[PDB]
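Coordinates in review
Each chain, letter by letter, is given below.
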Amino acid sequence: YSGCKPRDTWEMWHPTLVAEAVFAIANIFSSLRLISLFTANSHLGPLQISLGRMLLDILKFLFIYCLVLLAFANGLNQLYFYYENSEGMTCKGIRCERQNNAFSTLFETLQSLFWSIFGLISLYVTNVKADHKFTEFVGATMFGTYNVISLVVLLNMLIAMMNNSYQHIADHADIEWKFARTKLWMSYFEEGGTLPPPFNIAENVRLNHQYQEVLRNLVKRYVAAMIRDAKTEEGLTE
Amino acid sequence: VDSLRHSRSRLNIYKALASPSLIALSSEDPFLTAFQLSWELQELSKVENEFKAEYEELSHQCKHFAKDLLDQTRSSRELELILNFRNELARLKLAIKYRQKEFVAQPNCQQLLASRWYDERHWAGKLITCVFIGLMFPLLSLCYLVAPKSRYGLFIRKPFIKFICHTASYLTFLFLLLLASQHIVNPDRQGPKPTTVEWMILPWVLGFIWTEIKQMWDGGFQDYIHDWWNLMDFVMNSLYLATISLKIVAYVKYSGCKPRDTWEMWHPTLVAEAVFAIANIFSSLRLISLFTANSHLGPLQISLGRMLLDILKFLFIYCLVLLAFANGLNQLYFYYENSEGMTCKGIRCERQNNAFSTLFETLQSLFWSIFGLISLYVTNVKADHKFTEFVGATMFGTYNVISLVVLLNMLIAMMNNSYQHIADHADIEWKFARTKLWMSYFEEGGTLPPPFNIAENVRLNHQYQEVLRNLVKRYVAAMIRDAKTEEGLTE
Amino acid sequence: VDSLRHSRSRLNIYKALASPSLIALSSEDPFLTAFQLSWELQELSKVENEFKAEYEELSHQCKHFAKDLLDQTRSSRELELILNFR
Ligand SMILES: O=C1CN(c2cn[nH]c(=O)c2Cl)CCN1Cc1ccccc1C(F)(F)F
Ligand SMILES: CCCCCC(=O)OC[C@H](COP(=O)(O)O)OC(=O)CCCCC
Ligand SMILES: CCCCCC(=O)OC[C@H](COP(=O)(O)O)OC(=O)CCCCC
Ligand SMILES: [Ca+2]
């Protein structure tokens, strides 16, 4: 399309829009990858590593939660799919100014139930033109139950788990942080790249002797001072 | 007459008989004594409640002793004769029936159980095999059905295959329920005939209820309802029967057609749709019950499951507060039930109004305020009675503070300490639950997925007697003779 | 055939070879033995899962021993000859 026309009168799946979207996502990912060099500091390093390891503890919850979400989505969608009005409304869905058709289809149901965690879904979405108060009441009750379960039982059992999973993390902080820092450091020793990105266009038979001597001395010191003088301060029994 | 002396004497007697030495000496069969004594002590822990800690500790002592006794075995045949005493594994059935958690989760029982489970590879060596054998399951089902022969029927009897077949059937049921609401499969009218998929899902519901009644035959609502996972099965099945009945009675009463908008509440079709939706919710929730078979989710699922009876107490304290404030606000505001010129009343329409007029609406108003879904103008009246408006707003604010700052942080502060004492018995409980699951897929009880549901006893005591003699010898030598030496010194 | 006896025997053997005294006596190069033994035990921790705690503790034991061995050096040249080896 080597031409020109107003942007408004385009259509989806036009190549330029897809070329802009992925560029935006890549920007997000690079700016997130920035964090990787905090391991070189000393006040942030340990904290960053500690936070990093307490993530595989979370994915389990973000997997239990999906099942609950599917269950309630199934229910509500089965109940409401008879009222896909979409007559006289320019914009449908839960995103326009006046939210409507919140539970009509299933994808929109997933979106509706995900956006309810942050309280961004108003309460009138569970209505129909007729006054079928029984169906409206049952829909509202399903919605309320879902909200209670999520935001009171699946968000406090997350903190209550993070605390105990974090207790056994602060007992090995320095060890792991120093190991990670050393892994980083060793990469800047060899003459491998030596260049920032933009500008990228007798000997082996004898030396065993000294090391053998050193091993002899070290084993002597260890066996003397670790399993002979530490076998005396133990305790008494019958 | 003398309660004190009598009770103390009973405590002394029980504290005596639960001693590993005396059991080792004066007992025909140590294992049965341990089981019976643990059960009796646990039961008395609830009636002689003033002395509650002692009995709850004696039970623990008995269970630990029972585990240590079986500990000191040395050859698989010895273990297999111990477990197959009185079918197979009758001893294990008894242990499960007596809640010997520390006994079943013993690193030798698990080996034998796993070996008899699998009968024959890191992350994808099994992940494709399992799904592939899960797809083409009905062929296996029918083959075992009509020709229970050596061809492939012997390829169902392996429990790890029966489990996969059953779970694949369940997943298919869920998929059908998911597509049951697609628009591809109608013109809404009055009392329609069952659609193309209702005839497709009827076999699942019938087979499930058949299995339920079959299994219920034994427990008979006693020692059979305690498990919470089963009460859900009961309620779902009742709801499905109700849906069937309502759809039936609706099909033959209003056999016509008129626009859906011009109906009325309590019409049979609407009630037939609502309960069907609820049943869908409940089945898809019941899905979670098989996470106990995994290893990374299992322990976590059990841990979360036990930390629920800690919550119901708070969801019972909270109801009192809710009633108090509802009473207050309703008493204050009930003079202004305007409802003139407003098409839709209540807290649900676009422009919320009459929030506190009646009492039911007050309960709804105060429950929806926890998530901040109630705007702030609901506490107004047409007149400028600023005093009443201010007092109403103050009651509302106090309720919000109490709930969302004192009854939601005292919940976390309680969950943490109640969870501390849960991660010290995670593996034991998870393995016990997994074993309970496994043993159900051993006998030739059902052997079929839901849709397709249309000298010897005088002599063998000798070997087991010999084994008991040897085990007691080993235990008494190596547990109360060589562990009585590493204690400590005093004056 | 006898799974119980066989597994317990393997556990006994590994529990034996991970002893600082025996390593100090019968080993050509202690450091390589510690590394290899820790790796092998860690790997077996995932397949012989019923006995899971024992192996996950033997690995820790080997690693600690490897650290304490290098602990008792006294001059920088000794350390630099230890680290610059192949
Ligand atoms: O206990 C129930 C509840 N189930 C019912 C019973 N009656 N009405 C229902 O709606 C439902 Cl969902 C079916 C599922 N299971 C058992 C199970 C759990 C996990 C994997 C497989 C299985 C099965 F294969 F053995 F079924
Ligand atoms: C705790 C008492 C709440 C009483 C509020 C009420 O009567 O309204 C019905 C509420 C939903 O509110 P409405 O549907 O708007 O009436 O149902 C639940 O949220 C149940 C919670 C499910 C808990 C698992
Ligand atoms: C903490 C200082 C708050 C001062 C705010 C204020 O003056 O407004 C009155 C508030 C309610 O705000 P209004 O009714 O809108 O005036 O009363 C309370 O919330 C009391 C809290 C009850 C606590 C148990
Ligand atoms: Ca059941």
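Residues numbered from 1 in each chain as written, not as in the entry; some residues may be left out. Chains lettered and ligands numbered in written order. Part of a larger assembly, values for the part shown. Heavy atoms only, no water. Residues with missing side-chain atoms left out of burial classes, pairs and counts.

Looking at the method and resolution fields of the entry, one finds cryo-EM and 3.6 Å.

This part takes up the overall build of chain B. A tally of helices and strands in chain B yields 21 helices and zero strands. Computed over its C-alpha atoms, the radius of gyration of chain B comes to 31 Å, more than 25% above the 23 Å expected for a compact globule of 491 residues. (Helix = DSSP H or I, 4+ residues; strand = E, 2+ residues; numbered from the N terminus. Rg over C-alpha atoms; globule rule 2.2 N^0.38 Å.)

All right, on to the side chain of A:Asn101 then. Inspection of the secondary structure assignment puts A:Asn101 in the loop between α3 (61-80) and α4 (106-115). Excluding residues that lie within four positions of it along the chain, A:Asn101 makes contacts with A:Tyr83, A:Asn85, A:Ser86, A:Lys92 and A:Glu108. (Contact = heavy atoms within 4.5 Å.)

A few words now on the site of ligand 1. All names here are of chain B. In the vicinity of ligand 1, the contacting residues are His 166, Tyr 170, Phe 208, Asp 233, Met 236, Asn 237, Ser 283, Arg 286, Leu 290 and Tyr 441. Between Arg 286 and ligand 1, the recorded distance is 2.6 Å, taken from a side-chain N or O atom to an oxygen atom. Relative to its free-state accessible area of 550 Å², ligand 1 is covered by the protein chains to the extent of 85%. Mapped by element, the contributors of at least two residues to the shell around ligand 1 are α11 (159-179), α13 (228-251) and α14 (268-286). (Near = heavy atom within 4 Å. Polar contact = N/O pair within 3.5 Å; in protein donor to acceptor, adjacent residues only side chain to side chain. Areas by Shrake-Rupley, 256 points an atom, 1.4 Å probe, with all protein chains shown as cover.)

A separate point is the interface of chain C and chain B. Facing seven residues of chain C, the contacting portion of chain B comprises seven residues. Between chain C and chain B, a total of about 690 Å² is buried, with carbon and sulfur atoms accounting for 45% of that surface. Inspection of the chain C/chain B interface yields zero salt bridges. Put simply, chain C and chain B have two residue pairs in polar contact between them. (Buried area = accessible area lost by both parts, 1.4 Å probe. Salt bridge = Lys/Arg side-chain N within 4 Å of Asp/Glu carboxyl O.)

Here the focus is α13(B). Residue and element names in this part refer to chain B. Between its first and last C-alpha, α13 extends 35 Å over 24 residues, near the 34 Å set by a 1.5 Å rise per residue. Along α13, the residues classified as buried are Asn 230, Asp 233, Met 236, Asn 237, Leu 239, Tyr 240, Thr 243 and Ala 250. Against the buried residues of α13 lie α11, α12 (198-219) and α14. (Expected span 1.5 Å × (residues − 1). Buried < 20%, exposed > 50% of the residue type's maximum accessible area, 1.4 Å probe, protein only.)

Glancing now at the site of ligand 2. Close contacts around ligand 2 come from A:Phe137, A:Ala140, A:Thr141, A:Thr145, B:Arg348, B:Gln364, B:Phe367 and B:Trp368, and that covers them all. Residues within reach of ligand 2 are spread across chains A and B. B:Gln364 places a polar side-chain atom, nitrogen or oxygen, 3.0 Å from an oxygen atom of ligand 2. Coverage of ligand 2 by the protein amounts to 70% of the 590 Å² it exposes when considered alone. At the level of secondary structure, the elements contributing two or more residues to the shell around ligand 2 comprise α5 (133-153) of chain A together with α17 (359-368) of chain B. At four residues, α5(A) tops the list of elements feeding residues into the shell around ligand 2. For the shell around ligand 2, the per-class residue count stands at four nonpolar, three polar and one charged. (Nonpolar A, V, L, I, M, F, W, Y, C, P; charged D, E, K, R; others polar.)

Residues and elements named next belong to chain B. One can describe the packing of helix α1 (residues 3-17) onto helix α3 (residues 30-47) by two numbers: an axis separation of 11 Å at closest approach and a directional angle of 150 degrees. It follows that α1 is roughly antiparallel to α3 by the angle criterion. Note on packing geometry: the crossing formed by α1 with α3 is left-handed. Contact with α1, carried on its side by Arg 10, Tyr 14 and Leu 17, involves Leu 37, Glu 40, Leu 41 and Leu 44 of α3 and no other residues of that element. Residue classes in the contact of α1 with α3 are distributed as five nonpolar, no polar and two charged. (Axes fitted to C-alpha atoms, helices over the stretch in contact; angles between N-to-C directions. Parallel < 35°, antiparallel > 145°, perpendicular 65-115°, else oblique. Left-handed = near helix turned anticlockwise from the far one by under 90°.)

Our next topic: the interface of chain B and chain A. At the interface, 54 residues of chain B touch 52 residues of chain A. Elements with a minimum of two residues in the side of chain B that touches chain A: α11, α14, α15 (298-306), α17 and α19 (409-420) of chain B. The leading source of residues in the side of chain B that touches chain A is α14(B), at 11 residues. Looking at the side of chain B that touches chain A residue by residue, the classes come out as 35 nonpolar, 10 polar and nine charged.

For the rest of this paragraph, the subject is the UniProt feature "binding site: Ca(2+)" (unreviewed entry) in chain B. Residue and element names in this part refer to chain B. Taking the numbering used here, the UniProt-annotated feature "binding site: Ca(2+)" (unreviewed entry) corresponds to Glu 212, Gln 215, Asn 230 and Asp 233. What stands out for the annotated residues spanning 22 residues is how close their C-alpha atoms remain, the widest pair being 11.8 Å apart. Sequence-distant contacts of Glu 212, defined by excluding residues within four places in its chain, comprise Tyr 224, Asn 230, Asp 233 and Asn 237. Mapped onto the fold, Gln 215 is located in helix α12. Residue contacts for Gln 215: discarding those within four places in its chain leaves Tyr 224 and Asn 230. (UniProt positions renumbered as here; feature names shortened; annotations may be inferred.)

For the rest of this paragraph, the subject is a nonpolar patch on the surface. Residues and elements named next belong to chain B. Nonpolar side chains collect at one region of the surface, where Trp 123, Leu 127, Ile 128, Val 131, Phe 132, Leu 135, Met 136, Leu 139, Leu 142, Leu 145 and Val 146 lie side by side and expose about 1,200 Å² of accessible area between them. Contributions of two or more residues to the nonpolar patch are made by α9 (127-135) and α10 (137-146). Of note, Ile 128 is situated in helix α9. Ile 128 sits in the partly exposed class, given a relative accessible area of 49%. (Patch = residues over 30% accessible without salt bridge, like charges linked within 9 Å, V, L, I, M, F, W, Y side chains within 5 Å.)

This brings us to the packing of α1(B) against helix α4 (residues 53-71) of chain B. The axes of two packed helices give the description: the angle between them and the distance between them. Residue and element names in this part refer to chain B. Interhelical geometry of α1 versus α4 gives an angle of 15 degrees and a closest axis separation of 11 Å. In terms of orientation, α1 and α4 fall into the roughly parallel class. Classified by chirality, the crossing of α4 by α1 is left-handed. On α4, the residues touching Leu 11, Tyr 14 and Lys 15 of α1 are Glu 54, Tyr 55 and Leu 58. When its residues are assigned to classes, the contact of α1 with α4 shows four nonpolar, no polar and two charged.

Considering all chains together, one arrives at 39 aromatic pairs over all chains under this definition. Consider the rings of B:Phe334 and B:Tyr335, whose centres lie 4.5 Å apart with planes at 25 degrees: the pair is stacked. Ring-pair connections join several aromatic residues into one group, and the members of that group are B:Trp117, B:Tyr118, B:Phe160, B:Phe163, B:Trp438, B:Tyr441 and B:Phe442. Taking NZ or CZ as reference, A:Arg7 lies 4.8 Å from the ring centre of A:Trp10, over its face. Above the ring of B:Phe442, the side-chain terminus of B:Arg116 is found at 4.5 Å from the ring centroid. (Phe/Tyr/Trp six-rings, centres within 6.5 Å; stacked < 30°, edge-to-face > 60°. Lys NZ or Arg CZ within 6 Å of the ring centre and 35° of its normal.)

Our focus in this paragraph is the pattern of salt bridges. Residue and element names in this part refer to chain B. Overall, the coordinates contain 18 salt bridges over all chains when judged by the stated rule. Among the ionic pairs, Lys 52 bridges to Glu 56, the shortest N-O distance being 2.3 Å. Taking the relative accessible area as the measure of exposure, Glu 56 reaches 39% and is therefore partly exposed. Among the salt bridges present, the one from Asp 188 reaches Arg 260, with a minimum N-O distance of 3.3 Å. With a gap of 72 residues between them, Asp 188 in the loop between α11 and α12 and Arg 260 in the loop between α13 and α14 connect regions that are remote in the sequence.

Ranked by internal contacts, the top residues of the largest apolar core, which has 79 residues, are A:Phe61, A:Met157, B:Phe173 and B:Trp368. Among the elements that line this core, the one with the most residues is α3(A), at 12 residues. Ignoring any residue separated from it by four or fewer positions in sequence, one finds A:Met157 in contact with A:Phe61, B:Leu304, B:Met307, B:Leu308, B:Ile311 and B:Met415. Among the nonpolar cores identified, the runner-up in size contains 33 residues, and B:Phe65, B:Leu113, B:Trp117 and B:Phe163 belong to it. (Core = buried A, V, L, I, M, F, W, Y, C linked by side-chain atoms within 4.5 Å.)

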